[PDB]
Amino acid sequence: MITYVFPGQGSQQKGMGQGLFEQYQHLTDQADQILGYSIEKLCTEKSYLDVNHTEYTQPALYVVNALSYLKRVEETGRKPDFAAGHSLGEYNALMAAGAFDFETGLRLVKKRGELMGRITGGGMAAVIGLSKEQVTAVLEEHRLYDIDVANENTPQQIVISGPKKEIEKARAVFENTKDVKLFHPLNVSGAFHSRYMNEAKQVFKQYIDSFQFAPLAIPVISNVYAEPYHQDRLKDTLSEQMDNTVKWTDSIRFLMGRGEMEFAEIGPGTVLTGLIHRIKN
Ligand SMILES: [Cl-]
């Protein structure tokens, strides 16, 4: 058994998906027309749009993952038994699983990127060394009720999310707690995957409802439940994702429980392979 997993924000990098664009020139052209710019140039030319700006990152990641998948499947002959993606990457898993088509995913992640891109006054930080239980305790003991858990990445990598000044207060807390190895603020200015994504979540819910969704060929493990998408709640499970924890350690657990399980990371970088190794350890 094998699982294809799709990376999210932080895996992009100029040169990503080099040579795959002209191989799927229809998809590239379709992406160009939906986006209003050259998706090949976003991905691979240092002279054009900065791929690190979330509004562009998500379409860049989404297109590169999509195409990397089509190539893998063509090349191995094998379609995966499960699919999962981290935050942005979930949209590649639903799409590979047949929930919607290339175009539909890209429209979705364009609006995702744009809405995420206007979020302001926020901050996220990775805390390494403590459990999600432990992070929760400390947050509260120290009266930081404003910070949410945005990412459960390994059993001891937790990303926190809140107002900018709140992330700064927590620095002092986490860097003076036993078992914390690292506090590393993320290079973002929105409190993603937290209560502060509320209005954006909604605006984005209404957008999701506007599309017709197909049934899944592959089981997709949801970021929100660490469980497979229940086929009747597809839109609801996806719309719940914006302002809820990415439950990634547990989504990788569920897949290990499924049998003798292989993971392959489709898309740029080895970020998820990393998290999978540490979850497996
Ligand atoms: Cl079983």
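We place every Cβ from the backbone using ideal geometry, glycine too, and count neighbours over all the protein chains shown. Values in this text are rule-based calculations from the coordinates and carry no lab data.
A few comments on the model shown:
- Pairs of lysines in the stretch 108-253 whose Cα atoms sit within less than 21 Å of one another amount to 19, provided the residues are eight or more positions apart or on different chains.
- Span from the the stretch 81-152 Cα centroid across to the the stretch 1-48 one, whole angstrom: 21
- Comparing mean-square fluctuations of 76, 154, 270 from a GNM of the chain with C-alpha springs under 10 Å, the top value falls on 76.
- Rounded to the nearest 20, the Cβ-based charge dipole of the chain about its Cα centre (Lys and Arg +1, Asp and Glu -1) stands at 420 debye.
- Most positive-pole-ward Cα, 82, 184, 215, against dipole of the chain from beta carbon charges: 184
- Taking the stretch 124-281 and dividing mean pair separation by its residue count, relative contact order in percent (alpha carbons under 8 Å, at least six apart): 24
- Within the straight-line cut-off of under 21 Å between alpha carbons, the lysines reachable from residue 79 are 71, sequence neighbours fewer than 8 places apart in one chain being disregarded.
- The Kirkwood hydrodynamic radius of the chain, based on inverse pair distances between different Cα atoms, is 19.0 Å.
- Across the chain, Cα pairs under 8 Å and at least six residues apart give a relative contact order of 25 percent.
- The string of couplings for the stretch 82-90 from the Karplus curve (6.51, -1.76, 1.60, θ = phi - 60°) is 9, 9, 7, x, 8, 6, 2, x, 4 Hz, one whole number per residue in order, with x for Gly and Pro.
- For the chain, built as a Gaussian network whose Cα springs stay under 10 Å, the top-fluctuating residue of 140, 227, 152: 140
- Given charges at Cβ of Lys, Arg, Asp, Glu: the chain dipole, positive-most of 173, 94, 18: 173
- 3J(HN,Hα) couplings calculated from phi for the stretch 121-132 with the Karplus curve 6.51 cos²θ - 1.76 cosθ + 1.60 (θ = phi - 60°) are, in sequence order, x, x, x, 9, 8, 8, 10, 10, x, 10, 6, 5 Hz; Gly and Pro show x.
- Karplus-derived HN-Hα couplings along the stretch 205-211 (A = 6.51, B = -1.76, C = 1.60, θ = phi - 60°), whole Hz, x at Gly and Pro: 4, 4, 4, 5, 4, 5, 9
- Computed over the stretch 35-161, the P(r) curve from all C-alpha pair distances, binned at 5 Å from the origin, holds 2, 10, 15, 16, 15, 15, 13, 8, 4, 1, 0 percent per bin.
- Using the Stokes-Einstein relation with a Kirkwood hydrodynamic radius computed over Cα pairs, the translational diffusion coefficient of the stretch 1-99 at 37 °C and a viscosity of 0.692 mPa s comes to 242 µm²/s.
- Of the residues 137, 150, 200, the one that moves most in a GNM of the chain with alpha-carbon contacts below 10 Å is 137.
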